[PDB]
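Input: a single structure, listed below in structure tokens.
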Amino acid sequence: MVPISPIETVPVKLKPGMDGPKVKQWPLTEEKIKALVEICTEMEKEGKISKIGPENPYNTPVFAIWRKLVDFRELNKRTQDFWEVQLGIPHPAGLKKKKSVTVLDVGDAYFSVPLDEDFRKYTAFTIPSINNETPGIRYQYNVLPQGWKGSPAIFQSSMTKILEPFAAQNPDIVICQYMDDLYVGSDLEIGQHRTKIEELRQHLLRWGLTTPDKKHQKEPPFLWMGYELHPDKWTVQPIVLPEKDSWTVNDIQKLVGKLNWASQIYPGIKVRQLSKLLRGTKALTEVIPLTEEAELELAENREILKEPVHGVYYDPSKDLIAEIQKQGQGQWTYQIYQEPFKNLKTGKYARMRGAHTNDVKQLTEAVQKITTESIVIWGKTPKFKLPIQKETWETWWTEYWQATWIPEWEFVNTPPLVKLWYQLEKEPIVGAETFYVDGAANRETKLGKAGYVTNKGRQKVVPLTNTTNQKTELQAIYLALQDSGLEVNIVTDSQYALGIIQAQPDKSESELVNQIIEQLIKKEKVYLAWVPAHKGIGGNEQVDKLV
Amino acid sequence: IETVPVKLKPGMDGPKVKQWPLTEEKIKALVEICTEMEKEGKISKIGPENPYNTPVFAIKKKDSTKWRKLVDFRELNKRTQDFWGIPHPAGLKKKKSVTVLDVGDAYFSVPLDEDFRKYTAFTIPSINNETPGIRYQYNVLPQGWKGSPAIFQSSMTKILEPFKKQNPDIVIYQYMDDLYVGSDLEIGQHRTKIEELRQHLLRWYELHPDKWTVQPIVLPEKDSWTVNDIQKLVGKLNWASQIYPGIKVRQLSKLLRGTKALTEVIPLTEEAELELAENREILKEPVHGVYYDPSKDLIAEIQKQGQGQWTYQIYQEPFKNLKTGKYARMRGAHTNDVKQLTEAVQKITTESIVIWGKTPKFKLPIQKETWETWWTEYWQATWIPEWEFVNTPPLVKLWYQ
Ligand SMILES: COC(=O)Cc1cc(Oc2ccccc2OCCn2ccc(=O)[nH]c2=O)c(C)c2cc(C#N)ccc12
């Protein structure tokens with residue numbers, strides 16, 4: 001017998017202060033008991049488990065469905081935390097094309113890696129006796145049990161330690177681990193590739209690991225985690241938008257799942273309205289009628305999902321490009337590619353939850369998201385194609401009160417373009433009328449007034465019902481913008497209004513702010529000056545709006 | 001050569017912080033560095049039984065193309081037991097010049113407590129999560145951990161004993177991996193003395209706090225005032241009245257009586273000139289009742305002024321500034337706001353380390369996603385302070401300008 005190399009055990013403990021599981025065994029039928037006795041007999045004959053005496057005080061329930069199913073939920077609750085290395089699956093767009101790719105599934109994955117002997121006593125389980133007229137048969141696991149908390153992590157680390165020297169002495173191949181399957185890829189000739197696959201099967205056999213003796217039953221295309229992997233391209237598994245007479249909540253969440261999933265390769269997928277119908281519902285069976293915006297959006301989705309689209313693999317020798325397009329209502333879409341019309345992947349970005357916003361901020365956020373995703377997938381920041389003029393970005397970041405930055409990018413003239421809709425003046429305007437505005441409201445009756453007085457003797461006071469102080473300050477500025485020429489100075493004491501306008505929004509929740517924006521867009525020059533209230537500053541008439 | 005027992009605070013587990021994505025060049029640099037360190041016993045590979053993790057990335061310090069390994073030990077530092085203390089040298093900020101030295105290598109010759117090593121675990125990530133991440137844990141004192149200068153304090157005292165006995169006029173301070181050496185010599189004599197101390201440390205950053213002062217509130221001196229000029233003056237004075245008690249603005253607001261155009265020139269009455277002069281005299285004095293409390297956090301606010309100019313204030317209570325400043329240095333960051341902000345944060349943190357011996361909590365005028373996407377690209381210090389993000393434009397921006 002050729003000496004099998006031992007696999008180093010991973011020292012495992014329980015959570016601090018906790019003890020092993022002690023759960024009462026369930027009564028089983030005589031048929032199930034016989035089945036479990038046969039299965040456990042064979043497993044003991046193989047070495048996966050071993051019989052134990054009555055000294056072991058721990059127990060974990062067992063079932064038969066025949067196949068044995070040990071319910072380790074209690075031991076999982078009581079087992080220490082492990083370093084789970086599977087967090088975020090590899091994205092197909094990050095893979096690099098290989099001439100040959102082979103799949104090797106390892107038989108008896110967990111049942112070939114030994115378990116820490118000082119921990120085996122916590123895996124104890126008992127098989128009930130026929131009519132329970134004898135003590136049940138007590139067993140404990142000698143290898144990683146399927147369903148235990150630490151089986152995937154320990155299996156992955158052991159497989160990594162085994163595959164380390166082979167990967168070191170074979171730099172011309174790439175190996176990838178995923179559950180009980182290994183994916184090897186290389187650009188060598190098919191003969192050299194199959195040869196090195198044989199060498200890998202041998203190197204794994206030196207540790208007692210069995211690979212498919214037959215030809216590997218998995219051949220391209222590979223169906224993996226909703227993906228289709230082909231020798232030269234990748235895509236998502238078929239996305240079918242169903243025809244429904246009425247759409248319920250679960251149908252709409254299925255639809256937004258298929259659309260969110262399909263959006264990573266199908267460009268232009270929009271999900272704003274269909275997900276907007278789910279706002280504050282929290283009812284899985286509630287039927288929600290579809291708005292016309294959602295029906296037209298669904299028609300555009302069916303038009304995009306008409307025929308299959310594929311993505312290419314990553315070529316590290318070519319530059320990485322990401323182009324962004326604005327879609328409206330806070331929706332953005334992007335393609336990441338290296339050659340024109342041949343996308344690596346696609347995606348979308350929806351604006352965050354905010355009361356005020358503008359397009360430049362949203363474009364910046366989208367660029368940051370794409371940057372992080374690209375560093376994840378490809379390990380580098382792509383060059384950007386953005387629908388915004390260089391001069392627009394320069395004016396924005398040079399005049400913005402916050403720090404902001406975009407990585408290397410170039411302008412692409414693909415409408416709609418992102419632009420600055422208004423710019424406030426830095427110094428007061430000579431020859432322009434000066435509007436001193438103010439607004440006030442009563443906290444009880446919700447009655448208020450908003451108005452202005454100007455240097456030319458122009459005045460206005462408007463009464464308002466169902467209003468607040470902030471609303472009357474915004475309304476006062478709005479009136480000043482309504483009744484002034486193309487150039488105007490405005491003096492206010494509202495720190496709230498100045499805080500809104502200095503954030504430079506082009507779209508808001510409050511229709512009042514949106515009207516202020518529409519007025520600013522029409523002006524030539526607007527200078528907004530702030531003064532403290534109640535300081536006896538003439539012109540700023542707080543008593544004119546408190547009557 | 002003998003390990004000192006180190007534990008965590010009662011009731012606190014080890015740090016379990018997610019490792020953020022790194023570029024390919026940084027991953028390669030960390031692989032090379034960590035391989036070299038593993039060959040030297042400074043770190044060792046760990047198995048999946050270690051659930052703890054601390055972020056790690058790579059930088060390139062000043063005047064060097066070699067990559068350096070930086071570990072974000074912030075969580076481990078706040079979860080590590082308090083080590084005890086040496087009173088802060090109040091004369092370090094008074095000295096004419098100070099030079100910062102990196103003494104991190106000296107930490108790697110002292111072994112780390114055996115049972116504490118599992119808490120220093122870090123992970124070199126992989127691109128696209130293809131292969132598992134390379135996990136390491138430290139066997140010696142790691143750079144960036146607060147326990148490394150606390151444990152090495154005795155050895156550092158023994159090494160620096162001859163030099164401190166040789167020059168009683170040279171002040172020596174230590175914070176994390178940095179050694180601050182202050183004196184009053186000439187720049188050439190200071191550089192030769194620094195080479196003397198660095199070879200003295202071998203066989204075993206010009207910074208001038210004297211050219212730094214606290215900044216007063218200044219008012220304009222004009223011959224003709226417009227309505228806008230007086231309105232801004234009254235706004236700034238009303239703001240300063242929160243700091244200085246005797247500020248009075250009624251005689252200047254008396255000039256704004258009537259709705260006048262913003263560009264109209266207004267002459268100052270005698271009462272207004274007297275009021276403005278009294279306000280100047282009040283502003284010339286320091287702030288009433290401003291003290292430092294070592295039990296409280298330091299807060300640093302930064303305002304972007306444009307044209308590469310930045311203003312900052314370090315305080316503990318609102319309107320009680322312990323330090324104010326204006327960083328306007330231009331060093332290869334003319335077209336990048338984030339790089340400017342990051343160098344500003346590093347400089348302010350260094351000043352705070354010199355003055356009080358600890359780092360402040362920053363309030364950054366930047367969106368969380370932008371800063372968290374780009375700040376590691378321009379970081380060159382061995383420590384990392386805490387920060388939060390201000391999303392509403394502060395009105396007091398121009399009152400510090
Ligand atoms: C962690 O591994 C991954 O997630 C990537 C991963 C890589 C992989 O294959 C590879 C193995 C080693 C290096 C590159 C690989 O893909 C390059 C791109 N590709 C892909 C398919 C093809 O024919 N031809 C190609 O040139 C396979 C075959 C996978 C198969 C399944 C399945 N079922 C799941 C993931 C897989």
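By convention in this document, the chains of the structure tokens carry letters A, B, ... by their order, each chain's residues are numbered from 1, and ligands are numbered from 1 in the order they are shown.
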List all protein, DNA and RNA residues that have any atom at most 8 Å from ligand 1, counting only C-alpha atoms and all ligand atoms, and write the list as JSON, numbers by chain.
{"A": [89, 90, 91, 92, 95, 96, 97, 98, 99, 100, 101, 102, 103, 173, 174, 175, 176, 177, 178, 182, 183, 184, 185, 186, 218, 219, 220, 221, 222, 223, 224, 225, 229, 230, 231, 232, 233, 234, 313], "B": [129, 130, 131]}
Based on only C-alpha atoms, which of the residues in chain A come within 7 Å of chain B? I want them as a VMD selection string.
chain A and resid 10 to 12 81 to 83 85 89 to 91 94 153 to 154 157 176 to 177 368 375 to 380 398 401 to 405 428 430 433 to 434 454 to 455 499 502 to 503 531 to 532 535 to 539
Written selection (N, CA and C atoms) as a short mmCIF file (atom, residue, chain, number, x, y, z; two decimals), in the first residue's frame:
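New file result_11.cif:
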data_model
loop_
_atom_site.label_atom_id
_atom_site.label_comp_id
_atom_site.auth_asym_id
_atom_site.auth_seq_id
_atom_site.Cartn_x
_atom_site.Cartn_y
_atom_site.Cartn_z
N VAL A 10 -7.90 20.66 11.92
CA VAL A 10 -8.10 22.05 12.32
C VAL A 10 -8.61 22.06 13.76
N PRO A 11 -7.87 22.65 14.70
CA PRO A 11 -8.36 22.71 16.09
C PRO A 11 -9.63 23.55 16.19
N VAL A 12 -10.68 22.94 16.72
CA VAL A 12 -11.99 23.57 16.83
C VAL A 12 -12.45 23.50 18.28
N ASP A 81 -17.28 30.47 15.79
CA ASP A 81 -17.33 31.12 14.49
C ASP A 81 -16.09 30.77 13.69
N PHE A 82 -16.28 30.53 12.40
CA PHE A 82 -15.19 30.21 11.48
C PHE A 82 -14.99 31.36 10.50
N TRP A 83 -13.87 31.31 9.79
CA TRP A 83 -13.59 32.27 8.73
C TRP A 83 -14.16 31.72 7.43
N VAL A 85 -14.80 31.71 3.83
CA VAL A 85 -14.13 32.36 2.71
C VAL A 85 -15.07 32.60 1.53
N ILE A 89 -19.69 35.64 -4.80
CA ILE A 89 -19.22 34.67 -5.78
C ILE A 89 -18.39 35.38 -6.84
N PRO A 90 -17.45 34.70 -7.50
CA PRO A 90 -16.69 35.35 -8.57
C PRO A 90 -17.61 35.78 -9.71
N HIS A 91 -17.30 36.94 -10.28
CA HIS A 91 -18.18 37.29 -11.39
C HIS A 91 -17.62 36.76 -12.70
N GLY A 94 -15.08 38.70 -14.84
CA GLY A 94 -13.70 38.82 -14.40
C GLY A 94 -12.79 37.69 -14.83
N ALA A 153 -15.65 25.55 5.51
CA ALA A 153 -14.43 26.33 5.70
C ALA A 153 -13.21 25.43 5.88
N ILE A 154 -13.34 24.40 6.73
CA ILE A 154 -12.23 23.48 6.95
C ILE A 154 -11.91 22.70 5.68
N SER A 157 -10.02 25.12 3.35
CA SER A 157 -8.65 25.42 3.76
C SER A 157 -7.74 24.21 3.56
N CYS A 176 -9.29 26.78 -9.52
CA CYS A 176 -10.34 27.44 -8.76
C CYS A 176 -11.11 26.41 -7.97
N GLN A 177 -11.42 26.73 -6.72
CA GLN A 177 -12.13 25.83 -5.82
C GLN A 177 -13.54 26.36 -5.56
N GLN A 368 -18.44 56.21 -8.39
CA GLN A 368 -17.82 55.54 -7.25
C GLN A 368 -18.24 54.08 -7.17
N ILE A 375 -12.82 47.38 -9.14
CA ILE A 375 -11.69 46.93 -8.32
C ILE A 375 -11.96 45.54 -7.76
N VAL A 376 -13.22 45.25 -7.41
CA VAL A 376 -13.57 43.90 -6.97
C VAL A 376 -13.31 42.90 -8.09
N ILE A 377 -13.87 43.15 -9.27
CA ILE A 377 -13.92 42.14 -10.31
C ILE A 377 -12.59 42.05 -11.06
N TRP A 378 -12.02 43.19 -11.44
CA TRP A 378 -10.82 43.19 -12.26
C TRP A 378 -9.58 43.71 -11.55
N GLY A 379 -9.72 44.32 -10.38
CA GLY A 379 -8.56 44.82 -9.66
C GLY A 379 -7.98 46.10 -10.20
N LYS A 380 -8.78 46.90 -10.91
CA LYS A 380 -8.31 48.17 -11.44
C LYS A 380 -9.51 49.06 -11.71
N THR A 398 -14.88 72.98 -8.77
CA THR A 398 -14.18 74.16 -8.27
C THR A 398 -15.09 75.04 -7.43
N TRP A 401 -18.97 73.24 -2.41
CA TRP A 401 -18.46 73.43 -1.06
C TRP A 401 -17.82 72.16 -0.51
N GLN A 402 -18.23 71.00 -1.01
CA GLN A 402 -17.63 69.74 -0.61
C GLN A 402 -16.46 69.38 -1.51
N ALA A 403 -15.59 68.51 -1.00
CA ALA A 403 -14.56 67.91 -1.83
C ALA A 403 -15.18 66.81 -2.69
N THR A 404 -14.78 66.75 -3.96
CA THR A 404 -15.29 65.73 -4.85
C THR A 404 -14.25 65.44 -5.93
N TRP A 405 -14.27 64.21 -6.42
CA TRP A 405 -13.26 63.75 -7.37
C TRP A 405 -13.82 62.63 -8.22
N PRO A 428 -22.35 90.98 -5.09
CA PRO A 428 -23.62 91.64 -5.42
C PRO A 428 -23.58 92.25 -6.81
N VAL A 430 -24.38 94.95 -9.64
CA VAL A 430 -24.58 96.38 -9.81
C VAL A 430 -25.74 96.62 -10.76
N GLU A 433 -31.99 94.99 -9.04
CA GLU A 433 -32.86 95.30 -7.92
C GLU A 433 -32.55 94.40 -6.73
N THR A 434 -32.69 94.96 -5.53
CA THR A 434 -32.40 94.26 -4.28
C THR A 434 -33.71 93.95 -3.58
N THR A 454 -38.31 96.06 -1.84
CA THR A 454 -37.12 96.27 -2.66
C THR A 454 -36.66 97.71 -2.59
N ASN A 455 -35.44 97.93 -3.10
CA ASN A 455 -34.84 99.26 -3.09
C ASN A 455 -35.57 100.24 -4.00
N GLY A 499 -29.39 76.98 3.31
CA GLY A 499 -28.88 75.62 3.35
C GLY A 499 -29.38 74.76 2.22
N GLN A 502 -27.73 76.45 -1.25
CA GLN A 502 -26.29 76.24 -1.34
C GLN A 502 -25.92 74.78 -1.60
N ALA A 503 -26.86 73.86 -1.40
CA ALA A 503 -26.64 72.47 -1.79
C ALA A 503 -26.79 72.27 -3.30
N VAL A 531 -28.50 87.51 6.01
CA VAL A 531 -28.30 88.40 7.16
C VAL A 531 -28.93 87.74 8.38
N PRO A 532 -28.47 88.10 9.58
CA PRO A 532 -29.13 87.60 10.79
C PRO A 532 -30.48 88.28 11.00
N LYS A 535 -32.09 91.53 14.15
CA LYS A 535 -30.97 92.38 14.52
C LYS A 535 -31.17 93.83 14.11
N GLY A 536 -32.41 94.24 13.86
CA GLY A 536 -32.67 95.61 13.47
C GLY A 536 -32.08 95.99 12.13
N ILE A 537 -31.86 95.03 11.25
CA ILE A 537 -31.36 95.32 9.91
C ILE A 537 -32.51 95.87 9.09
N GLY A 538 -32.46 97.17 8.79
CA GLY A 538 -33.50 97.77 7.97
C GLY A 538 -33.58 97.12 6.61
N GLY A 539 -34.77 97.17 6.03
CA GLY A 539 -35.04 96.42 4.82
C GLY A 539 -35.56 95.04 5.12
#
Among stretch 203-329 of chain B, which ones does DSSP place in helix (DSSP H, G or I), written as a short mmCIF file (atom, residue, chain, number, x, y, z; two decimals) with N, CA and C atoms, in the first residue's frame?
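Generated output (part_7.cif):
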data_model
loop_
_atom_site.label_atom_id
_atom_site.label_comp_id
_atom_site.auth_asym_id
_atom_site.auth_seq_id
_atom_site.Cartn_x
_atom_site.Cartn_y
_atom_site.Cartn_z
N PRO B 209 6.87 73.92 14.75
CA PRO B 209 5.73 74.45 15.52
C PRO B 209 5.90 75.90 15.94
N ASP B 210 7.13 76.42 16.00
CA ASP B 210 7.32 77.82 16.38
C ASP B 210 6.81 78.76 15.29
N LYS B 211 6.83 78.32 14.03
CA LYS B 211 6.22 79.05 12.93
C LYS B 211 4.72 78.80 12.81
N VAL B 227 -23.65 98.45 1.33
CA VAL B 227 -24.67 97.76 2.10
C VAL B 227 -24.29 96.30 2.30
N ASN B 228 -23.79 95.66 1.24
CA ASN B 228 -23.38 94.27 1.34
C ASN B 228 -22.21 94.10 2.30
N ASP B 229 -21.22 94.99 2.22
CA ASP B 229 -20.08 94.93 3.13
C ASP B 229 -20.54 94.98 4.58
N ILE B 230 -21.44 95.92 4.89
CA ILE B 230 -21.91 96.08 6.26
C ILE B 230 -22.77 94.89 6.68
N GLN B 231 -23.56 94.35 5.76
CA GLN B 231 -24.38 93.19 6.09
C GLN B 231 -23.50 91.99 6.44
N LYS B 232 -22.47 91.74 5.63
CA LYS B 232 -21.55 90.64 5.95
C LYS B 232 -20.82 90.90 7.26
N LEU B 233 -20.38 92.14 7.48
CA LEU B 233 -19.72 92.48 8.73
C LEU B 233 -20.62 92.19 9.93
N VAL B 234 -21.90 92.54 9.82
CA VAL B 234 -22.83 92.30 10.92
C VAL B 234 -23.07 90.81 11.11
N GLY B 235 -23.12 90.05 10.01
CA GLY B 235 -23.26 88.60 10.15
C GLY B 235 -22.07 87.97 10.84
N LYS B 236 -20.86 88.36 10.45
CA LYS B 236 -19.66 87.83 11.08
C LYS B 236 -19.55 88.25 12.54
N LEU B 237 -19.97 89.48 12.85
CA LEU B 237 -19.93 89.93 14.24
C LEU B 237 -20.95 89.20 15.09
N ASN B 238 -22.15 88.98 14.55
CA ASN B 238 -23.16 88.22 15.28
C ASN B 238 -22.71 86.79 15.50
N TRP B 239 -21.99 86.22 14.53
CA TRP B 239 -21.42 84.89 14.73
C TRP B 239 -20.34 84.92 15.81
N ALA B 240 -19.47 85.93 15.79
CA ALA B 240 -18.42 86.02 16.79
C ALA B 240 -18.96 86.31 18.19
N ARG B 250 -25.65 96.76 17.31
CA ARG B 250 -26.84 97.56 17.05
C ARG B 250 -26.51 98.86 16.31
N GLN B 251 -25.35 99.47 16.59
CA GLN B 251 -25.00 100.71 15.91
C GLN B 251 -24.61 100.50 14.46
N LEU B 252 -24.14 99.30 14.11
CA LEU B 252 -23.85 99.00 12.71
C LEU B 252 -25.11 98.60 11.95
N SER B 253 -26.00 97.84 12.61
CA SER B 253 -27.30 97.54 12.03
C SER B 253 -28.15 98.78 11.86
N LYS B 254 -27.90 99.82 12.66
CA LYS B 254 -28.62 101.08 12.50
C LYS B 254 -28.35 101.70 11.14
N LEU B 255 -27.19 101.40 10.54
CA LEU B 255 -26.88 101.94 9.22
C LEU B 255 -27.70 101.27 8.12
N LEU B 256 -28.11 100.02 8.33
CA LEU B 256 -28.88 99.30 7.34
C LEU B 256 -30.35 99.69 7.32
N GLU B 270 -20.38 108.07 13.59
CA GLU B 270 -19.36 108.02 14.64
C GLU B 270 -19.63 106.88 15.61
N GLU B 271 -20.90 106.66 15.95
CA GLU B 271 -21.25 105.55 16.84
C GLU B 271 -20.90 104.21 16.21
N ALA B 272 -21.08 104.09 14.89
CA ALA B 272 -20.75 102.84 14.21
C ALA B 272 -19.25 102.60 14.19
N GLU B 273 -18.46 103.64 13.94
CA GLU B 273 -17.01 103.49 13.97
C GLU B 273 -16.53 103.13 15.37
N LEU B 274 -17.09 103.78 16.40
CA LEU B 274 -16.73 103.44 17.77
C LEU B 274 -17.08 101.99 18.09
N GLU B 275 -18.28 101.55 17.68
CA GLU B 275 -18.69 100.17 17.92
C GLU B 275 -17.76 99.18 17.23
N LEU B 276 -17.40 99.47 15.98
CA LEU B 276 -16.49 98.59 15.24
C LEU B 276 -15.11 98.55 15.90
N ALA B 277 -14.65 99.68 16.44
CA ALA B 277 -13.36 99.70 17.12
C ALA B 277 -13.40 98.90 18.42
N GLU B 278 -14.47 99.06 19.20
CA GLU B 278 -14.64 98.24 20.40
C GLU B 278 -14.65 96.76 20.06
N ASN B 279 -15.32 96.40 18.95
CA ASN B 279 -15.36 95.00 18.55
C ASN B 279 -13.97 94.50 18.14
N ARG B 280 -13.19 95.33 17.45
CA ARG B 280 -11.80 94.96 17.15
C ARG B 280 -11.02 94.70 18.44
N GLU B 281 -11.11 95.62 19.40
CA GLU B 281 -10.39 95.45 20.66
C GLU B 281 -10.80 94.17 21.36
N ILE B 282 -12.09 93.85 21.35
CA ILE B 282 -12.56 92.61 21.96
C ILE B 282 -11.99 91.40 21.23
N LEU B 283 -11.97 91.44 19.90
CA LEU B 283 -11.46 90.31 19.13
C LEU B 283 -9.95 90.13 19.29
N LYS B 284 -9.23 91.18 19.69
CA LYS B 284 -7.79 91.05 19.87
C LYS B 284 -7.42 90.20 21.08
#
Near-stretch 317-325 of chain A list (7 Å; only C-alpha atoms; drop same-chain fewer than 4 positions) as a PyMOL selection string
chain A and resi 332-338+382-387
Excluding same-chain residues fewer than 3 positions from residue B:35, what lies within 12 Å of it counting only C-alpha atoms, as JSON, numbers by chain?
{"B": [28, 29, 30, 31, 32, 38, 39, 40, 41, 42, 43, 44, 45, 124, 134, 135, 136]}
Expected file contents, prior selection, N, CA, C and O atoms, as a PDB file, in the first residue's frame:
ATOM      1  N   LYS B  28      -0.425  42.570  -5.163  1.00  0.00           N
ATOM      2  CA  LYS B  28       0.894  42.008  -5.439  1.00  0.00           C
ATOM      3  C   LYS B  28       1.932  42.516  -4.445  1.00  0.00           C
ATOM      4  O   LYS B  28       2.742  41.735  -3.926  1.00  0.00           O
ATOM      5  N   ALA B  29       1.919  43.823  -4.165  1.00  0.00           N
ATOM      6  CA  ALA B  29       2.861  44.378  -3.198  1.00  0.00           C
ATOM      7  C   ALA B  29       2.692  43.736  -1.827  1.00  0.00           C
ATOM      8  O   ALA B  29       3.682  43.415  -1.156  1.00  0.00           O
ATOM      9  N   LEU B  30       1.445  43.530  -1.396  1.00  0.00           N
ATOM     10  CA  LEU B  30       1.216  42.897  -0.102  1.00  0.00           C
ATOM     11  C   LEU B  30       1.621  41.429  -0.113  1.00  0.00           C
ATOM     12  O   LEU B  30       2.042  40.898   0.921  1.00  0.00           O
ATOM     13  N   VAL B  31       1.498  40.756  -1.259  1.00  0.00           N
ATOM     14  CA  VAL B  31       1.930  39.364  -1.343  1.00  0.00           C
ATOM     15  C   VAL B  31       3.443  39.273  -1.208  1.00  0.00           C
ATOM     16  O   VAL B  31       3.966  38.432  -0.465  1.00  0.00           O
ATOM     17  N   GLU B  32       4.170  40.141  -1.911  1.00  0.00           N
ATOM     18  CA  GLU B  32       5.626  40.130  -1.824  1.00  0.00           C
ATOM     19  C   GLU B  32       6.090  40.478  -0.413  1.00  0.00           C
ATOM     20  O   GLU B  32       6.911  39.764   0.184  1.00  0.00           O
ATOM     21  N   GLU B  38       6.983  36.534   6.236  1.00  0.00           N
ATOM     22  CA  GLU B  38       6.793  35.156   6.672  1.00  0.00           C
ATOM     23  C   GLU B  38       8.120  34.415   6.731  1.00  0.00           C
ATOM     24  O   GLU B  38       8.363  33.635   7.659  1.00  0.00           O
ATOM     25  N   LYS B  39       9.001  34.654   5.754  1.00  0.00           N
ATOM     26  CA  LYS B  39      10.332  34.064   5.820  1.00  0.00           C
ATOM     27  C   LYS B  39      11.116  34.549   7.035  1.00  0.00           C
ATOM     28  O   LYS B  39      12.082  33.891   7.437  1.00  0.00           O
ATOM     29  N   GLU B  40      10.722  35.674   7.631  1.00  0.00           N
ATOM     30  CA  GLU B  40      11.426  36.252   8.766  1.00  0.00           C
ATOM     31  C   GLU B  40      10.712  36.019  10.092  1.00  0.00           C
ATOM     32  O   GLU B  40      11.128  36.576  11.111  1.00  0.00           O
ATOM     33  N   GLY B  41       9.648  35.216  10.103  1.00  0.00           N
ATOM     34  CA  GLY B  41       8.948  34.886  11.328  1.00  0.00           C
ATOM     35  C   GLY B  41       8.063  35.975  11.898  1.00  0.00           C
ATOM     36  O   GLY B  41       7.445  35.758  12.947  1.00  0.00           O
ATOM     37  N   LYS B  42       7.975  37.136  11.245  1.00  0.00           N
ATOM     38  CA  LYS B  42       7.148  38.216  11.774  1.00  0.00           C
ATOM     39  C   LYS B  42       5.663  37.881  11.703  1.00  0.00           C
ATOM     40  O   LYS B  42       4.884  38.358  12.535  1.00  0.00           O
ATOM     41  N   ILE B  43       5.254  37.065  10.728  1.00  0.00           N
ATOM     42  CA  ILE B  43       3.865  36.649  10.573  1.00  0.00           C
ATOM     43  C   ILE B  43       3.829  35.162  10.248  1.00  0.00           C
ATOM     44  O   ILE B  43       4.828  34.567   9.840  1.00  0.00           O
ATOM     45  N   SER B  44       2.651  34.564  10.429  1.00  0.00           N
ATOM     46  CA  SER B  44       2.451  33.151  10.144  1.00  0.00           C
ATOM     47  C   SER B  44       1.056  32.929   9.581  1.00  0.00           C
ATOM     48  O   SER B  44       0.102  33.616   9.956  1.00  0.00           O
ATOM     49  N   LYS B  45       0.947  31.958   8.676  1.00  0.00           N
ATOM     50  CA  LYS B  45      -0.346  31.618   8.100  1.00  0.00           C
ATOM     51  C   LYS B  45      -1.236  30.948   9.139  1.00  0.00           C
ATOM     52  O   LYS B  45      -0.766  30.212  10.012  1.00  0.00           O
ATOM     53  N   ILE B 124      -4.966  39.143   3.027  1.00  0.00           N
ATOM     54  CA  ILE B 124      -4.679  39.624   1.680  1.00  0.00           C
ATOM     55  C   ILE B 124      -5.798  39.129   0.773  1.00  0.00           C
ATOM     56  O   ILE B 124      -5.954  37.911   0.591  1.00  0.00           O
ATOM     57  N   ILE B 134      -5.380  35.134   1.405  1.00  0.00           N
ATOM     58  CA  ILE B 134      -4.233  34.656   2.171  1.00  0.00           C
ATOM     59  C   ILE B 134      -4.315  35.258   3.570  1.00  0.00           C
ATOM     60  O   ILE B 134      -4.185  36.472   3.741  1.00  0.00           O
ATOM     61  N   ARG B 135      -4.525  34.415   4.574  1.00  0.00           N
ATOM     62  CA  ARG B 135      -4.692  34.870   5.947  1.00  0.00           C
ATOM     63  C   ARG B 135      -3.384  34.765   6.720  1.00  0.00           C
ATOM     64  O   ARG B 135      -2.679  33.754   6.641  1.00  0.00           O
ATOM     65  N   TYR B 136      -3.071  35.812   7.479  1.00  0.00           N
ATOM     66  CA  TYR B 136      -1.892  35.841   8.329  1.00  0.00           C
ATOM     67  C   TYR B 136      -2.271  36.307   9.727  1.00  0.00           C
ATOM     68  O   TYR B 136      -3.311  36.940   9.938  1.00  0.00           O
TER      69      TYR B 136
END
Record the distance separating atom CA of residue A:425 and atom CA of residue A:487, expressed in Å with one decimal.
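Computing it gives 10.1 Å between the two atoms.
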Could you pull out the residues in stretch 307-385 of chain B that DSSP calls strand (DSSP E or B) from the backbone, as a list in words?
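Taking stretch 307-385 of chain B and keeping strand (DSSP E or B) gives residues 309, 310, 311, 312, 313, 314, 315, 316, 317, 320, 321, 322, 323, 324, 325, 326, 327, 361, 362, 363, 364 and 366 of chain B.
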